[PDB]
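The file target.cif contains mmCIF, C-alpha atoms and all ligand atoms:
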data_my_file
#
loop_
_atom_site.label_atom_id
_atom_site.label_comp_id
_atom_site.auth_asym_id
_atom_site.auth_seq_id
_atom_site.Cartn_x
_atom_site.Cartn_y
_atom_site.Cartn_z
CA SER A 1 -32.03 -8.53 -74.86
CA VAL A 2 -28.30 -8.75 -74.13
CA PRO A 3 -25.92 -5.78 -74.56
CA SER A 4 -22.85 -6.45 -76.67
CA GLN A 5 -19.51 -6.81 -74.90
CA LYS A 6 -17.32 -6.76 -78.04
CA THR A 7 -14.23 -4.60 -77.59
CA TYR A 8 -14.34 -1.83 -80.18
CA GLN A 9 -11.81 1.00 -80.28
CA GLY A 10 -13.67 2.83 -83.04
CA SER A 11 -12.56 5.95 -84.88
CA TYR A 12 -11.15 7.64 -81.78
CA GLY A 13 -9.07 4.73 -80.47
CA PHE A 14 -11.11 4.39 -77.28
CA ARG A 15 -9.91 2.09 -74.49
CA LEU A 16 -9.78 1.88 -70.71
CA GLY A 17 -6.85 2.08 -68.33
CA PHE A 18 -6.39 1.09 -64.71
CA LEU A 19 -4.01 2.11 -61.94
CA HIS A 20 -1.46 -0.29 -60.43
CA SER A 21 -2.67 -0.51 -56.84
CA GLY A 22 -1.08 -3.80 -55.76
CA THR A 23 -2.52 -6.60 -53.66
CA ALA A 24 -1.84 -5.59 -50.05
CA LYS A 25 -4.52 -6.62 -47.56
CA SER A 26 -5.42 -2.93 -47.14
CA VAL A 27 -6.09 -2.19 -50.83
CA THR A 28 -9.63 -1.07 -51.62
CA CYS A 29 -9.60 -1.39 -55.42
CA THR A 30 -7.17 -3.34 -57.58
CA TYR A 31 -7.19 -4.39 -61.23
CA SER A 32 -5.84 -7.68 -62.61
CA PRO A 33 -4.70 -7.43 -66.25
CA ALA A 34 -4.21 -11.20 -66.42
CA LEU A 35 -7.88 -11.74 -65.48
CA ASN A 36 -9.22 -8.45 -66.98
CA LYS A 37 -10.95 -8.15 -63.62
CA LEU A 38 -11.40 -5.33 -61.12
CA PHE A 39 -11.63 -6.27 -57.42
CA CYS A 40 -13.08 -3.64 -55.12
CA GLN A 41 -14.66 -3.07 -51.74
CA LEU A 42 -18.29 -2.05 -51.35
CA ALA A 43 -18.97 1.62 -52.18
CA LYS A 44 -15.28 2.53 -52.53
CA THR A 45 -13.76 4.68 -55.25
CA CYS A 46 -12.83 2.78 -58.42
CA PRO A 47 -10.75 4.98 -60.76
CA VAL A 48 -11.18 4.03 -64.42
CA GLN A 49 -9.12 5.84 -67.03
CA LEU A 50 -10.43 6.66 -70.49
CA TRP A 51 -7.88 6.88 -73.31
CA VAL A 52 -8.33 7.99 -76.92
CA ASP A 53 -6.01 8.53 -79.87
CA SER A 54 -7.95 11.59 -81.06
CA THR A 55 -10.49 13.95 -79.55
CA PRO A 56 -14.16 12.95 -79.97
CA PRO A 57 -16.80 15.61 -80.74
CA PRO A 58 -18.44 17.85 -78.15
CA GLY A 59 -21.42 16.02 -76.73
CA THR A 60 -19.78 12.60 -76.72
CA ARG A 61 -20.63 10.66 -73.54
CA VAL A 62 -19.34 7.64 -71.58
CA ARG A 63 -21.86 5.08 -70.29
CA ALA A 64 -21.34 2.24 -67.80
CA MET A 65 -23.62 -0.79 -67.47
CA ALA A 66 -23.31 -4.14 -65.67
CA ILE A 67 -24.36 -7.51 -67.09
CA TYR A 68 -24.01 -11.03 -65.75
CA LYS A 69 -20.96 -12.75 -67.21
CA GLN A 70 -22.46 -16.26 -67.43
CA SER A 71 -24.63 -16.76 -70.51
CA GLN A 72 -27.42 -18.47 -68.56
CA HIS A 73 -27.88 -15.28 -66.49
CA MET A 74 -27.16 -12.64 -69.14
CA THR A 75 -30.80 -11.70 -69.74
CA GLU A 76 -31.33 -10.88 -66.03
CA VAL A 77 -30.96 -7.22 -65.09
CA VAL A 78 -28.06 -6.61 -62.70
CA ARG A 79 -29.48 -4.66 -59.76
CA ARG A 80 -28.87 -4.06 -56.07
CA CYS A 81 -30.10 -6.74 -53.69
CA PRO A 82 -33.29 -6.47 -51.60
CA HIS A 83 -31.30 -5.18 -48.62
CA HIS A 84 -29.10 -2.59 -50.32
CA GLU A 85 -31.87 -1.14 -52.48
CA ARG A 86 -33.63 -0.22 -49.19
CA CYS A 87 -30.71 1.03 -47.09
CA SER A 88 -31.24 4.77 -47.83
CA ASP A 89 -27.63 5.41 -48.90
CA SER A 90 -28.70 7.69 -51.75
CA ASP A 91 -26.36 10.40 -52.99
CA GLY A 92 -29.35 12.42 -54.20
CA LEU A 93 -28.89 11.42 -57.85
CA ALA A 94 -28.44 7.66 -58.22
CA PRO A 95 -31.63 5.61 -57.92
CA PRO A 96 -31.33 3.23 -54.96
CA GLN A 97 -31.64 0.19 -57.25
CA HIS A 98 -28.55 0.99 -59.35
CA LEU A 99 -25.41 -1.05 -58.73
CA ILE A 100 -23.01 1.38 -60.46
CA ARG A 101 -22.70 5.01 -59.39
CA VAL A 102 -20.43 7.79 -60.60
CA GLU A 103 -18.80 9.67 -57.73
CA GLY A 104 -18.25 13.43 -57.75
CA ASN A 105 -19.82 14.42 -61.07
CA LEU A 106 -23.03 16.45 -60.95
CA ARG A 107 -23.51 15.90 -64.70
CA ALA A 108 -23.94 12.14 -64.31
CA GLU A 109 -27.31 10.86 -65.53
CA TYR A 110 -28.92 7.58 -64.51
CA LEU A 111 -31.05 5.63 -66.98
CA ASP A 112 -33.66 2.95 -66.37
CA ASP A 113 -34.12 1.67 -69.92
CA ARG A 114 -37.80 1.81 -70.84
CA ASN A 115 -37.57 -1.38 -72.94
CA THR A 116 -34.85 -3.56 -71.38
CA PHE A 117 -35.19 -2.28 -67.78
CA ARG A 118 -31.39 -2.26 -67.52
CA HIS A 119 -29.62 0.39 -65.46
CA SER A 120 -26.78 2.57 -66.60
CA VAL A 121 -24.96 5.75 -65.65
CA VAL A 122 -23.66 8.16 -68.29
CA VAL A 123 -21.39 11.22 -68.06
CA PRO A 124 -20.28 13.80 -70.64
CA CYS A 125 -16.79 13.44 -72.01
CA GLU A 126 -14.44 16.11 -70.73
CA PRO A 127 -10.89 16.71 -72.02
CA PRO A 128 -8.00 15.80 -69.70
CA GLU A 129 -6.89 18.41 -67.22
CA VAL A 130 -3.78 20.38 -68.16
CA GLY A 131 -0.76 18.16 -67.61
CA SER A 132 -2.74 14.92 -67.93
CA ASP A 133 -3.01 12.59 -70.91
CA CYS A 134 -6.27 10.83 -70.01
CA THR A 135 -9.53 11.42 -68.15
CA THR A 136 -10.63 9.42 -65.10
CA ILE A 137 -14.14 8.49 -63.99
CA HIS A 138 -14.63 7.42 -60.37
CA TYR A 139 -17.14 4.57 -60.09
CA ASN A 140 -18.69 2.97 -57.00
CA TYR A 141 -20.23 -0.51 -56.83
CA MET A 142 -23.07 -0.59 -54.33
CA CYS A 143 -23.55 -4.32 -53.56
CA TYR A 144 -21.21 -7.22 -52.87
CA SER A 145 -20.92 -9.94 -55.48
CA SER A 146 -22.16 -12.29 -52.72
CA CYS A 147 -25.35 -10.34 -51.86
CA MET A 148 -28.27 -12.74 -51.51
CA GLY A 149 -31.23 -12.00 -53.74
CA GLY A 150 -29.00 -9.77 -55.88
CA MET A 151 -25.79 -10.80 -57.64
CA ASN A 152 -25.82 -13.90 -55.39
CA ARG A 153 -22.16 -14.86 -56.11
CA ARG A 154 -22.62 -14.57 -59.89
CA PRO A 155 -19.77 -12.76 -61.70
CA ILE A 156 -20.56 -9.55 -63.56
CA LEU A 157 -18.95 -7.52 -66.30
CA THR A 158 -18.98 -3.75 -66.58
CA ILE A 159 -19.36 -2.53 -70.17
CA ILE A 160 -18.09 0.99 -70.86
CA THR A 161 -19.34 2.57 -74.07
CA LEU A 162 -18.32 5.78 -75.78
CA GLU A 163 -21.46 7.23 -77.39
CA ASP A 164 -22.41 10.18 -79.56
CA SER A 165 -24.96 12.75 -78.41
CA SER A 166 -27.86 10.59 -79.68
CA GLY A 167 -26.53 7.43 -78.01
CA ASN A 168 -24.95 5.78 -81.06
CA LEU A 169 -21.94 3.54 -80.44
CA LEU A 170 -18.47 5.03 -80.94
CA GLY A 171 -16.36 2.65 -78.83
CA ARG A 172 -16.64 -0.12 -76.27
CA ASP A 173 -14.49 -1.82 -73.63
CA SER A 174 -15.28 -4.03 -70.66
CA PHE A 175 -13.92 -5.72 -67.54
CA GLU A 176 -15.09 -8.29 -65.01
CA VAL A 177 -15.85 -7.03 -61.48
CA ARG A 178 -15.83 -8.72 -58.09
CA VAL A 179 -17.09 -6.63 -55.17
CA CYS A 180 -15.67 -8.22 -52.04
CA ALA A 181 -14.32 -7.54 -48.57
CA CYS A 182 -10.64 -8.26 -49.38
CA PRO A 183 -9.82 -7.35 -53.00
CA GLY A 184 -6.07 -7.81 -52.60
CA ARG A 185 -6.33 -11.35 -51.25
CA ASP A 186 -8.97 -12.30 -53.81
CA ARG A 187 -6.90 -10.95 -56.70
CA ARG A 188 -3.89 -12.94 -55.47
CA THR A 189 -5.98 -16.11 -55.09
CA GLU A 190 -7.58 -15.85 -58.53
CA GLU A 191 -4.28 -15.04 -60.25
CA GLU A 192 -2.74 -18.07 -58.55
CA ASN A 193 -5.66 -20.23 -59.70
CA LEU A 194 -5.08 -18.99 -63.25
CA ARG A 195 -1.33 -19.69 -63.08
CA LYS A 196 -2.04 -23.24 -61.91
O1 LIG B 1 -7.24 14.60 -75.70
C1 LIG B 1 -8.44 14.99 -75.84
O2 LIG B 1 -8.84 16.02 -76.46
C2 LIG B 1 -9.50 14.14 -75.19
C3 LIG B 1 -10.86 14.49 -75.35
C4 LIG B 1 -11.90 13.75 -74.77
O3 LIG B 1 -13.24 14.06 -74.89
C5 LIG B 1 -13.56 15.44 -74.80
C6 LIG B 1 -14.86 15.68 -75.58
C7 LIG B 1 -15.12 17.16 -75.75
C8 LIG B 1 -14.63 17.83 -76.87
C9 LIG B 1 -14.88 19.20 -77.02
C10 LIG B 1 -15.61 19.89 -76.06
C11 LIG B 1 -16.10 19.22 -74.94
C12 LIG B 1 -15.85 17.86 -74.79
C13 LIG B 1 -11.56 12.62 -74.01
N1 LIG B 1 -12.51 11.78 -73.40
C14 LIG B 1 -13.12 11.96 -72.18
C15 LIG B 1 -13.91 10.86 -71.92
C16 LIG B 1 -13.78 9.97 -73.01
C17 LIG B 1 -12.90 10.55 -73.89
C18 LIG B 1 -10.21 12.25 -73.85
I1 LIG B 1 -9.63 10.56 -72.69
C19 LIG B 1 -9.19 13.01 -74.43
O4 LIG B 1 -7.87 12.66 -74.27
ZN ZN B 2 -26.43 -5.95 -51.64
#

Write out the structure in this file as structure tokens.
Amino acid sequence: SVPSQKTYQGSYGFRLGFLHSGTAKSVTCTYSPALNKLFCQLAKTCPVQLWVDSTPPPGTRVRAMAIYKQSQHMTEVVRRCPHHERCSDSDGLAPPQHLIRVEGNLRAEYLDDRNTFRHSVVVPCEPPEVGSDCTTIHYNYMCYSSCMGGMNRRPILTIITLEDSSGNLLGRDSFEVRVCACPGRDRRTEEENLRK
């Protein structure tokens, strides 16, 4: 009733990577390695790199799912709040209840799990473009961490899993997410809190 968050590189050496976007007041998405935490604005592009040591088979896929970070909330499905699920901002593919969307990939599939009711979005693995060493997925987070009746200030993790064509686990990585109005300031504040 709780998805695993154990980091697992697996046979292909799977792991995530993030850009170095800085902490200026204008930044829309920024990743803190010290906190393993992504800070982003509502519905803005979040580039997440996928890295492997060797090529996985055709039909391998990459799934993203959010869970609450605190154990006392982990069994609760992470979903959009009562306002955002009704705001008719559909892209034509993501269900309006889903917090995490994939941007710009018509092969993305959205799952409402028939047993756990959890939401996820999954895309086929594609090899890097010529001249690149990794592949990037562009995610969007569709509610603020503060949204009342939804995340309600509770921290979340995103779990990224590499899966075979039948959904079996090949690799796993994860990161905390805060969706907020000023990611650069919040990253600076939280890194300062950690240093102190
Ligand atoms: O270097 C590589 O060949 C490489 C390959 C990758 O999967 C391609 C799977 C595949 C294989 C054959 C036909 C169609 C599709 C990925 N990849 C993409 C998302 C997660 C992993 C990465 I990153 C790589 O670097
Ligand atoms: Zn919301």

Item to complete: For residue 12 in chain A, please output as a list in words all residues within 7 Å (counting all atoms listed in the file; exclusion window: fewer than 3 positions along the same chain).
Response: residues 9, 52, 53, 54, 55 and 56 of chain A

Quick one: write out the picked residues with C-alpha atoms as an mmCIF file, in the frame of the given file?
data_model
loop_
_atom_site.group_PDB
_atom_site.id
_atom_site.type_symbol
_atom_site.label_atom_id
_atom_site.label_comp_id
_atom_site.auth_asym_id
_atom_site.auth_seq_id
_atom_site.Cartn_x
_atom_site.Cartn_y
_atom_site.Cartn_z
ATOM 1 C CA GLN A 9 -11.810 1.000 -80.280
ATOM 2 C CA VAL A 52 -8.330 7.990 -76.920
ATOM 3 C CA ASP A 53 -6.010 8.530 -79.870
ATOM 4 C CA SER A 54 -7.950 11.590 -81.060
ATOM 5 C CA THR A 55 -10.490 13.950 -79.550
ATOM 6 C CA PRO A 56 -14.160 12.950 -79.970
#

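Of note, CA of residue 21 in chain A and CA of residue 124 in chain A are spaced 26.6 Å apart.
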
With ligand LIG 1 (chain B) as the partner and 10 Å as the cut-off, tabulate the residues of chain A that qualify, each row holding the nearest pair of atoms and their distance in Å to one decimal, using all atoms listed in the file, sorted by chain and rising number, as JSON lines.
{"residue": "A:12", "atom": "CA", "partner": "B:LIG1", "partner_atom": "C17", "distance": 8.6}
{"residue": "A:13", "atom": "CA", "partner": "B:LIG1", "partner_atom": "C17", "distance": 9.6}
{"residue": "A:14", "atom": "CA", "partner": "B:LIG1", "partner_atom": "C17", "distance": 7.3}
{"residue": "A:15", "atom": "CA", "partner": "B:LIG1", "partner_atom": "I1", "distance": 8.7}
{"residue": "A:16", "atom": "CA", "partner": "B:LIG1", "partner_atom": "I1", "distance": 8.9}
{"residue": "A:17", "atom": "CA", "partner": "B:LIG1", "partner_atom": "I1", "distance": 9.9}
{"residue": "A:49", "atom": "CA", "partner": "B:LIG1", "partner_atom": "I1", "distance": 7.4}
{"residue": "A:50", "atom": "CA", "partner": "B:LIG1", "partner_atom": "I1", "distance": 4.5}
{"residue": "A:51", "atom": "CA", "partner": "B:LIG1", "partner_atom": "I1", "distance": 4.1}
{"residue": "A:52", "atom": "CA", "partner": "B:LIG1", "partner_atom": "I1", "distance": 5.1}
{"residue": "A:53", "atom": "CA", "partner": "B:LIG1", "partner_atom": "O4", "distance": 7.2}
{"residue": "A:54", "atom": "CA", "partner": "B:LIG1", "partner_atom": "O1", "distance": 6.2}
{"residue": "A:55", "atom": "CA", "partner": "B:LIG1", "partner_atom": "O2", "distance": 4.1}
{"residue": "A:56", "atom": "CA", "partner": "B:LIG1", "partner_atom": "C6", "distance": 5.2}
{"residue": "A:57", "atom": "CA", "partner": "B:LIG1", "partner_atom": "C8", "distance": 5.0}
{"residue": "A:58", "atom": "CA", "partner": "B:LIG1", "partner_atom": "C9", "distance": 4.0}
{"residue": "A:59", "atom": "CA", "partner": "B:LIG1", "partner_atom": "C12", "distance": 6.2}
{"residue": "A:60", "atom": "CA", "partner": "B:LIG1", "partner_atom": "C6", "distance": 5.9}
{"residue": "A:61", "atom": "CA", "partner": "B:LIG1", "partner_atom": "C16", "distance": 6.9}
{"residue": "A:62", "atom": "CA", "partner": "B:LIG1", "partner_atom": "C16", "distance": 6.2}
{"residue": "A:63", "atom": "CA", "partner": "B:LIG1", "partner_atom": "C16", "distance": 9.8}
{"residue": "A:123", "atom": "CA", "partner": "B:LIG1", "partner_atom": "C15", "distance": 8.4}
{"residue": "A:124", "atom": "CA", "partner": "B:LIG1", "partner_atom": "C15", "distance": 7.1}
{"residue": "A:125", "atom": "CA", "partner": "B:LIG1", "partner_atom": "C15", "distance": 3.9}
{"residue": "A:126", "atom": "CA", "partner": "B:LIG1", "partner_atom": "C5", "distance": 4.2}
{"residue": "A:127", "atom": "CA", "partner": "B:LIG1", "partner_atom": "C3", "distance": 4.0}
{"residue": "A:128", "atom": "CA", "partner": "B:LIG1", "partner_atom": "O4", "distance": 5.5}
{"residue": "A:129", "atom": "CA", "partner": "B:LIG1", "partner_atom": "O4", "distance": 9.2}
{"residue": "A:132", "atom": "CA", "partner": "B:LIG1", "partner_atom": "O4", "distance": 8.5}
{"residue": "A:133", "atom": "CA", "partner": "B:LIG1", "partner_atom": "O4", "distance": 5.9}
{"residue": "A:134", "atom": "CA", "partner": "B:LIG1", "partner_atom": "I1", "distance": 4.3}
{"residue": "A:135", "atom": "CA", "partner": "B:LIG1", "partner_atom": "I1", "distance": 4.6}
{"residue": "A:136", "atom": "CA", "partner": "B:LIG1", "partner_atom": "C15", "distance": 7.7}
{"residue": "A:137", "atom": "CA", "partner": "B:LIG1", "partner_atom": "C15", "distance": 8.3}
{"residue": "A:161", "atom": "CA", "partner": "B:LIG1", "partner_atom": "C16", "distance": 9.3}
{"residue": "A:162", "atom": "CA", "partner": "B:LIG1", "partner_atom": "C16", "distance": 6.8}
{"residue": "A:163", "atom": "CA", "partner": "B:LIG1", "partner_atom": "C16", "distance": 9.3}
{"residue": "A:171", "atom": "CA", "partner": "B:LIG1", "partner_atom": "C16", "distance": 9.7}

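Around ligand ZN 2 (chain B), using only C-alpha atoms and all ligand atoms and a cut-off of 9 Å, the residues in contact are residues 79, 80, 81, 82, 83, 84, 85, 99, 142, 143, 144, 145, 146, 147, 148, 149, 150, 151 and 152 of chain A.
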
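One finds CA of residue 7 in chain A at 17.5 Å from CA of residue 71 in chain A.
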
Notebook entry, point to check: Hey, what's within 12 Å of residue 179 in chain A if we count all atoms listed in the file and toss same-chain stuff fewer than 6 positions away? As a ChimeraX atom specification, please?
Noted result: /A:28-31,37-46,99-100,140-147,151-158,186-187

Output C-alpha atoms for every residue in the selection just made, as a compact mmCIF listing (two decimals), in the coordinates of the input.
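After the write, out-v3.txt holds the following:
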# COMPACT_ATOMS: atom_id res chain seq x y z
CA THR A 28 -9.63 -1.07 -51.62
CA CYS A 29 -9.60 -1.39 -55.42
CA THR A 30 -7.17 -3.34 -57.58
CA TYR A 31 -7.19 -4.39 -61.23
CA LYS A 37 -10.95 -8.15 -63.62
CA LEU A 38 -11.40 -5.33 -61.12
CA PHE A 39 -11.63 -6.27 -57.42
CA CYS A 40 -13.08 -3.64 -55.12
CA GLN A 41 -14.66 -3.07 -51.74
CA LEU A 42 -18.29 -2.05 -51.35
CA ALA A 43 -18.97 1.62 -52.18
CA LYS A 44 -15.28 2.53 -52.53
CA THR A 45 -13.76 4.68 -55.25
CA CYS A 46 -12.83 2.78 -58.42
CA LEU A 99 -25.41 -1.05 -58.73
CA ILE A 100 -23.01 1.38 -60.46
CA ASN A 140 -18.69 2.97 -57.00
CA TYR A 141 -20.23 -0.51 -56.83
CA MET A 142 -23.07 -0.59 -54.33
CA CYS A 143 -23.55 -4.32 -53.56
CA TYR A 144 -21.21 -7.22 -52.87
CA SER A 145 -20.92 -9.94 -55.48
CA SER A 146 -22.16 -12.29 -52.72
CA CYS A 147 -25.35 -10.34 -51.86
CA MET A 151 -25.79 -10.80 -57.64
CA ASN A 152 -25.82 -13.90 -55.39
CA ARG A 153 -22.16 -14.86 -56.11
CA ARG A 154 -22.62 -14.57 -59.89
CA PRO A 155 -19.77 -12.76 -61.70
CA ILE A 156 -20.56 -9.55 -63.56
CA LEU A 157 -18.95 -7.52 -66.30
CA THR A 158 -18.98 -3.75 -66.58
CA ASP A 186 -8.97 -12.30 -53.81
CA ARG A 187 -6.90 -10.95 -56.70

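Between CA of residue 178 in chain A and CA of residue 33 in chain A the separation is 13.9 Å.
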
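All residues of protein, DNA or RNA that reach within 10 Å of residue 74 in chain A, judged by only C-alpha atoms and not counting those fewer than 3 positions away in the chain, are residues 1, 2, 3, 66, 67, 68, 69, 70, 71, 77, 78 and 156 of chain A.
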
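You can rank A:121, A:97, A:91, A:174 by their closest distance to residue 8 in chain A using only C-alpha atoms, and at the top of that list sits A:174.
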
If I wrap all listed atoms of range 53-71 of chain A in a box with edges along x, y and z and add 6 Å on each side, what are its centre and edge lengths in Å to one decimal, as lines of an AutoDock Vina configuration file?
center_x = -15.3
center_y = 0.5
center_z = -73.4
size_x = 30.6
size_y = 46.6
size_z = 27.4

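Closest approach to residue 18 in chain A from the set A:48, A:108, A:35, A:194 is made by A:48, with distances taken over all atoms listed in the file.
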
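The closest residue to residue 10 in chain A, picked from A:172, A:86, A:119, A:98 and counting only C-alpha atoms, is A:172.
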
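For residue 95 in chain A, the non-local neighbours within 10 Å, defined as residues at least 6 positions apart in the same chain or in other chains and counting only C-alpha atoms, are residues 85, 89, 101, 110, 111, 112 and 119 of chain A.
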
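Candidate residues A:176, A:103, A:192, A:76 were compared for distance to residue 139 in chain A, and the nearest is A:103, using all atoms listed in the file.
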